[PDB]
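This document starts with one chain, in the form deposited in one PDB entry, laid out as structure tokens.
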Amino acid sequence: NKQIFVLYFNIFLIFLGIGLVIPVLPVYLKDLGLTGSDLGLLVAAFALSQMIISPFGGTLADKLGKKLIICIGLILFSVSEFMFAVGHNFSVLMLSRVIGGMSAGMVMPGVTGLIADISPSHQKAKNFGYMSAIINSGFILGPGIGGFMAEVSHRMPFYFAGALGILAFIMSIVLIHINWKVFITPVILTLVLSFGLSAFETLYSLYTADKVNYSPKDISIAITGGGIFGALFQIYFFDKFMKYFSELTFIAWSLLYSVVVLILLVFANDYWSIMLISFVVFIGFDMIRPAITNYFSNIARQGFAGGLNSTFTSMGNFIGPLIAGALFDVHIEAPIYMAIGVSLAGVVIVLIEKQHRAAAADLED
């Protein structure tokens, strides 16, 4: 059944499109004279539109259909990409970002439901395994696709993504036919992790380009290498670390490592030192994400927990880049301090939760 491959490609491209403007962001800031607040607003608009449209998108899927919603979301994403590749003013860019977010929040529940329905109960894990695989991969391979495609032309990545959207649309047409007192901590951790990751993603593209004259190809190389190294390190060193450590102590240690590597980043000026720092930064976030997911699963109403995780991930992806773009104007190193403070708050929350657990255990006996 090759239709599963088409759905996988659609899920790949939908979350590919969010990170394509990340490496080209300095080029847009220089060309049209946009402030960092504008770029933060663009990425935040994408995330916010997706977050709003996701639930209404799922009923509409219930109301209208499954193939039709998939195709309409794909065509909306394609026209949003072409608008981004054609428009040259703030209003059209905002409209394209909003339409792309709507398309993302419309396809994602639709492709999820279609893949779940088509795949029999034997291997439903795949319907989510290769799923969360691709999403984050895209979330870090989007810049990798972007910056390299920026070498050919400034708007080349968006034309390429529009062509990919048209191809995916054609392929889809052809082929397919409650006590919150305990849940408060993992929600805060998800918000903190999403904030840190998205803020750092905007932070690197703006700050390295402003400081070390990083070309878009250099930013793409750094981000792709960091994401690949993080994924590889997680895959090859997560199970043993969970066996040796616990769920919360390991999260605290990984957030501390993220703080340390961010401090190394803020004190680095050389080209290759900064490249190595970008290589080693993503390990902390790429290792926190599965730990947070496991904590959410263990505490869990599993579907409700997953919905909360996704909703607060979107909330972080909306509230992080906006404040990062706003802060970059005041000081290019300010978002570094913001991310460090957010990670410190996450460590403090983890320590407080551990202390509360210890107190409850002691008082039990």
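The first residue of the shown sequence is 1; numbering continues from there. Only residues modelled in both forms are compared. Only the largest set of C-alpha atoms that superpose within 1.5 Å between the two forms is called the rigid core.
Although not depicted, the form deposited in another entry is the subject of the following passage.
Just a single entry of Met171, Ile221, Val187, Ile228 exceeds or equals a 2 Å CA shift between the shown form and the other one, which is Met171 (rigid core superposed). The rigid-core alignment places the CA of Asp117 2 Å or more apart between the shown form and the other one. With the core held fixed, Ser246 shows a CA shift below 2 Å between the shown form and the other one. When two forms of a protein are overlaid on their rigid core, residues whose CA moves 2 Å or more are considered shifted, and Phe128 is one of them between the shown form and the other one. Considering only residues present in both forms and aligning them on the rigid core, one finds runs of three or more residues with C-alpha shifts of 2 angstroms or more between the shown form and the other one at 1-12, 63-68, 111-135, 166-177.
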